[PDB]
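Peer 1: Would you mind keeping the following structure in view while I ask a few things?
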Amino acid sequence: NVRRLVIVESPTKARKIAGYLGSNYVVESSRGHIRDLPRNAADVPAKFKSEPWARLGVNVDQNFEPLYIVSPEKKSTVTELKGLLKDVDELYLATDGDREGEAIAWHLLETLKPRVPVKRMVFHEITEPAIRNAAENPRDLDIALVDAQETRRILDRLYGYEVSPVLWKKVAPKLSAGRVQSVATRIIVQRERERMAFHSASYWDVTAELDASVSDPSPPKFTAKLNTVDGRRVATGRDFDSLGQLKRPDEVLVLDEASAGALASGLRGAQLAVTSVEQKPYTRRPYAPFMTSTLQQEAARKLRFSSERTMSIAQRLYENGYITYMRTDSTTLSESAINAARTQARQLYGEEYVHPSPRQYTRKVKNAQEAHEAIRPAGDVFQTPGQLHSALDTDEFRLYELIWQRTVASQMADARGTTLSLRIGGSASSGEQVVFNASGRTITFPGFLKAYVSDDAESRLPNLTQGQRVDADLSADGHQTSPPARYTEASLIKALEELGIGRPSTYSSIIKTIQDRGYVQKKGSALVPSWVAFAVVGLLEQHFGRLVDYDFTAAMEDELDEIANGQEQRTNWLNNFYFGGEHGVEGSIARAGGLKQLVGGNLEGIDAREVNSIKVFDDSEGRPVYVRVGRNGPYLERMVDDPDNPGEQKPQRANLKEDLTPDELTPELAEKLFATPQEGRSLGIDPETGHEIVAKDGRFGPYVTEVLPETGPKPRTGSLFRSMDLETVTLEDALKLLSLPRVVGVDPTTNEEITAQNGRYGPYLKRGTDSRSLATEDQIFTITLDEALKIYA
DNA sequence: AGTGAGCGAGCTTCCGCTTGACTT
């Protein structure tokens, strides 16, 4: 009888472990990590902070020795474990079977400093057998796995706190760069460039409702569509030559409003024959059970939930004991879960809808770690979703309903059906051998679909015969080729998973991180990159390309495996990565000279002007169009010929609205934004000359000016009256101010001219150098020469 | 005696594990 102390990661797991292991057992939780590198200069411990150069938390010159400090929030949890350790016999470290949990075991060892024998308890599924077997057969700490966790923690540290300060001095302050986020942002930027270089092509489709009811009128209504016409096929959106114009034009034929509109009008009905009929039975295999990435994607598709929202719900379900661990990267179900899954389906849906052999899904993810089982309902027997409606919330129920269906459907039979593919041929009345086509699908055996819901896109039909006579409602609609869709929260995560980037505990947080730093804007349900993202990604692609390559994360994992099995030393690769060496793999940083040289030796050699200047296209005249970033808001800029200095080009600029997306900045919109007024409000165009009149605010007062096309004439100005306002003045009021110096006539006494204007002190007329005041703004236009002479003498 | 020019401090940031609870 030995009293053993057990330390797990999740507190709700600690309750279940303490239930399986009884009296002589004390199970407590650590709530994740207890130590980590100091995040800022404040977290650095007083002694080791003030003296050396520990901004990185890894004094690299001293053999990459990390600086671990205990979290102040967990500082009360660490002291709680030290007190319980002095009253037990042995210490079991029961962290997850991942390389992060192994480090947590080591960190608990180096912090508590146990003067007591220690053993390593590991387990995948959390059940009574799995934990009793694990507690009876412990293990030893894997130092090679712990050092592989420190290698990546320092790697993400050197990547982070050494490259992001380059962005500060070359893009904008407080920005960030990383191994995980910079690739996701590069993905969003690269996808946006695909839309910014995508040219659309317009085509016309012709829908038709086939009237085959004169054959067999045994409900029936069938719709069809045209496929080809003689040696020319109906061009669709599939001829974009990968987001361009078109390719292979001899096989297809483009359709416009008049060309396709003639085929629908050339034959309302026609004597057509069935050239081919072919039906075939199809199948559809079920989906693997839920891991974290697949749950976040299907919650967004079927429930319109967000990653941050989905995980908050699943946390409630897990902590209350309704599902298993939601942060998982494995689709494996435990033997108890499979027995619960097949019994639940056999009892409810029946024995016919189950599967003979238990279905195992072994499609592993790139550099997965397999520490937990798939997200599935808790308990040795699954509680039906209807048996939990009284306790669950609205969001809790819908999510548990989606999780329960996924687990059960993963063990049910395949779906068997049959599709219908019929082709219609013949000739046209105008003189063309047109050929139509219509495809349909019909389900037969549901199987797993009885608990799930386009594997069942249906288009019912009646009957037909090969070579039977059919008769042809007609409509010709036009379409344009659509650009490749942007990334959502789901489509981005599945993109990172295909690259081995991110972990179940970071998916929902990557979205929040790239948003809270201006790199991406969430336009409803799509991730739109900003111009800062184009500048940050544009910089990293040209000076740290190996760091932002999609294979870089896979190249790191292959290097951490040689440290996990014990073939390569921990410090060796970090030394080569940070300082260099001819032992590079392909085009690695070691073959480049090390990250330190790639940062300190490039600060002098980065052109922030070209980095913040993002050329989008060339205008109709061939001049390049840039997008300056950081210069007090993003705006357009281009170098045009200068009127005063010949040769030396002058830049014209146009402020860009913050709500404009990068793919919407077309050359047609660019020149229209250049013609917009600089800082004033535009009033209109004067028909007498053709100049645009605007109302600005200058050094003296609110005035009105014309613009000139780039004798040598000056721009005519005119200061508005006291009765006018800067935003209320019209083009009419302006056009009067532009000719305000009005010569009411010459005075015969002194030969001088009399002109009426308006100044600071209201309206006034001047008799050469003598000027008298007026009492009405409108009277400078109604003043006669006679009335002006009566007061001037 | 109140304001607050003009010069210009010291700071920013990386991945992953995982629940925390006070008083005014």
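Residue numbering: from 1, along the chain as shown.
Method on record in the header is X-ray crystallography, 3.1 Å.
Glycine is treated like the rest: Cβ placed from N, Cα and C.
As listed in Swiss-Prot for this protein:
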SITE      A:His33  site 'Interaction with DNA'
SITE      A:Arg152  site 'Interaction with DNA'
SITE      A:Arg153  site 'Interaction with DNA'
SITE      A:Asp156  site 'Interaction with DNA'
SITE      A:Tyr161  site 'Interaction with DNA'
SITE      A:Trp168  site 'Interaction with DNA'
REGION    A:176-181  region 'Interaction with DNA'
ACT_SITE  A:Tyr325  active site, O-(5'-phospho-DNA)-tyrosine intermediate
SITE      A:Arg327  site 'Interaction with DNA'
SITE      A:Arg517  site 'Interaction with DNA'
REGION    A:636-663  region 'Disordered'
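Mind mapping these onto the model and telling me what they sit next to?
Peer 2: A:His33 (site 'Interaction with DNA') carries neither a helix nor a strand DSSP state and counts as coil.
Non-local neighbourhood of A:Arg152 (site 'Interaction with DNA'): A:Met556, A:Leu560, each in the same chain, at least six residues away, with C-beta under 8 Å from its C-beta.
Here A:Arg153 (site 'Interaction with DNA') comes close to A:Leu37, A:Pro66, A:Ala103: these same-chain residues lie at least six apart in sequence, with C-beta atoms under 8 angstroms from its C-beta.
The secondary structure of A:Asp156 (site 'Interaction with DNA'), as reduced to three states from DSSP, is helical. Sequence-distant contacts of A:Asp156 (site 'Interaction with DNA'), defined as residues of its own chain at least six apart whose C-beta falls under 8 angstroms from its C-beta, comprise A:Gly178, A:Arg179, A:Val180.
According to DSSP, A:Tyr161 (site 'Interaction with DNA') is assigned to a helical segment.
When secondary structure is read from DSSP and collapsed to three states, A:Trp168 (site 'Interaction with DNA') falls in the helix class. Counting every protein chain shown, the number of other Cβ atoms lying within 10 Å of the Cβ of A:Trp168 (site 'Interaction with DNA') is 12.
Sequence-distant contacts of the region 'Interaction with DNA' (A:176-181) (same chain, at least 6 residues past either end, Cβ-Cβ under 8 Å): 155-156, 159-160, 163-164, 166-167, 496, 501-502, 506, 510, 513-514, 517, 519, 536, 540, 544, 547, 552-553, 556.
Its own atom aside, the Cβ of A:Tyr325 (active site, O-(5'-phospho-DNA)-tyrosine intermediate) has 23 Cβ atoms within 10 angstroms in the protein chains shown. When secondary structure is read from DSSP and collapsed to three states, A:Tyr325 (active site, O-(5'-phospho-DNA)-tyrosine intermediate) falls in the coil class.
Listed in sequence order, A:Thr292, A:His372, A:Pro504, A:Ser505 are the same-chain residues six or more apart from A:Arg327 (site 'Interaction with DNA') with CB atoms under 8 A from its CB.
The number of other CB atoms found within 10 A of the CB of A:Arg517 (site 'Interaction with DNA'), across every protein chain shown, is 18.
Distant neighbours of the region 'Disordered' (A:636-663): 192, 195-196, 198, 483, 521, 523, 528-529, 531, 534, 613, 619, 623-628, 670, 673-674, 676, 710; these residues of the same chain sit at least 6 beyond its ends, with a Cβ under 8 Å from one of its Cβ atoms.
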Peer 1: Take A:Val453 and A:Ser454, the residues on either side of 10 unmodelled positions, and give their C-alpha distance in whole angstrom.
Peer 2: 9
Peer 1: Work out how many Å separate A:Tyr161 (site 'Interaction with DNA') and A:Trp168 (site 'Interaction with DNA') at their Cα atoms, rounded off.
Peer 2: 11
Peer 1: Under the DSSP assignment, what numbers of helix, strand and coil residues are found in the region 'Disordered' (A:636-663)?
Peer 2: 2 helix, 11 strand, 15 coil
Peer 1: Just need one number: Cα of A:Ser218 to Cα of A:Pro219, in Å, whole number, across 2 unmodelled residues.
Peer 2: 8
Peer 1: Hey, how far is A:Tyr325 (active site, O-(5'-phospho-DNA)-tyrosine intermediate) from A:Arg517 (site 'Interaction with DNA'), Cα to Cα, in Å?
Peer 2: 30
Peer 1: Over a break of 20 residues, report the distance between the Cα atoms of A:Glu710 and A:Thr711 in whole Å.
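Peer 2: Distance across the unmodelled stretch, Cα to Cα, is 14 Å.
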Peer 1: In Å, rounded, how far does the Cα of A:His33 (site 'Interaction with DNA') sit from the Cα of A:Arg517 (site 'Interaction with DNA')?
Peer 2: 26
Peer 1: Can you give me the Cα-Cα distance between A:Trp168 (site 'Interaction with DNA') and A:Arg517 (site 'Interaction with DNA') in Å, rounded to a whole number?
Peer 2: 13
Peer 1: Can you tell me how the residues of the region 'Interaction with DNA' (A:176-181) break down into helix, strand and coil by DSSP?
Peer 2: 1 helix, 0 strand, 5 coil
Peer 1: I'd like the Cβ neighbour count for A:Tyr161 (site 'Interaction with DNA'), meaning other Cβ atoms within 10 Å of its Cβ, all protein chains included.
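Peer 2: So the number of other Cβ atoms within 10 Å of A:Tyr161 (site 'Interaction with DNA') is 17.
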